[PDB]
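Given next are two forms of a protein chain, the same chain in both, each as structure tokens and marked structure 1 or structure 2.
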Structure 1
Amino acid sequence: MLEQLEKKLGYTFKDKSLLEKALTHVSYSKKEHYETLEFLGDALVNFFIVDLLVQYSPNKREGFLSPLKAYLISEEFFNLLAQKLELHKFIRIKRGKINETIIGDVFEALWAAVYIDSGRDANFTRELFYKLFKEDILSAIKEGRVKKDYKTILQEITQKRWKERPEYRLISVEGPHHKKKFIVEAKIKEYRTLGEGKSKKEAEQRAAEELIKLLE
């Protein structure tokens, strides 16, 4: 029920249809779904995060803050924030069709919905977002839970040492086409490592993470 979500959010909607739209997947309704709210929500939440980063590190450069932002505005991090709202239990979509992509999109749409319902009060919405997640975000940073970009880190290591970039190649692919599992190999000089994932990029990130350790 919507009331339970409003209680978790700490905000009561004037237009309940706005909240319903944010929670509804297009496959469930072609008239009122979250796609447009998600578009707005992405820009709104990205702004909330960037502002928080700059506020607590006013004298830090873009090279320090952007890597943090890159993870904090990611679908993965939004799924972690969404857990606090048990968002998955309010999404209107066929049973068993919910995945991280959907949860991440609804999270963004939900915030656009609050923003619009509040009369487009950006200040209000930003502070409500912080009331709920500011400490979680800052703590994730301080406690080292921000994920590293292993593919980039790896090529910086190899480019500094050998002025060369690592190479990745597919070793194997298995499972149904809509649920493939990839195994790739990362290599630099005579060092080689393996990585697995649901996409080639994910498998490469895993292999890079291992190759870095090996080089050390």
Structure 2
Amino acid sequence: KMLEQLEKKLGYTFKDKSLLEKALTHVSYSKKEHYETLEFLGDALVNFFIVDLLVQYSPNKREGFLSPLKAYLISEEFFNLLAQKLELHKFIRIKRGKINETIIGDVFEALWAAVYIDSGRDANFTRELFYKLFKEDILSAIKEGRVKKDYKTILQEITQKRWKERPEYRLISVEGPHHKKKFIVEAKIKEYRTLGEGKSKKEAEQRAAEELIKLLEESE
């Protein structure tokens, strides 16, 4: 729509309108100049800000603790919540009935990739321009405790809030030598059942769980 209404929101005046154009143009809308390449650069760029910000204002600093957060801070979901705060879905150039939330994220990254370039690849600046919009929206997610729960955890919360029951894991075989063996567990709930190979029991379960989740993503 208006490649200037978005500039107002962002708080940046594009001195290369052409960029912002591409960063918003999807593939099927223009297989001549889409956002793909910019998404690539934007993904690494946005990833940096998020991580640099998360390493400062964070309770614990151990890897095992920061990974769960960053998993959400850069997840498609959290990337949509920040995009909505820009009404980005109203500036995208794409064919109708083909756009989903994934595409929004790509455009989000592709966006800051464009501001980075435009501003003469000024990191420090773009970084500040990034916080001046989402820093608090990010710190909040942190302060709250938002994270990307692991599979077994997820599958549990699902099964319980739909049947108030839990999944049942059963080892079915163990192959190879002790110092290095492969486990094969079976995840089952109700009438569903999947398998999962893993160096260890738990690792094999996380697998069988991930597969079960997918299976549950259909209907009741």
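Each form is matched to the other, and the largest set of C-alpha atoms that superpose within 1.5 Å is called the rigid core. Here, residue number means position along structure 1's sequence, counting from 1.
- Of the residues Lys69, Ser118, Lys148, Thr24, the one at the hinge where one rigid part turns against the other between structure 1 and structure 2 is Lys148.
- If you fit the larger rigid part between structure 1 and structure 2 on its C-alpha atoms, the smaller part is left turned by 117 degrees.
- With both forms fitted on their core, the C-alpha atom of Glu75 sits 1.1 Å from where it sits in the other form; this compares the forms between structure 1 and structure 2.
- CA movement of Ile141 between structure 1 and structure 2 equals 2.1 Å, with the two forms superposed on the rigid core.
- Taking the core as the reference frame, the CA atom of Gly10 shifts 0.2 angstrom between structure 1 and structure 2.
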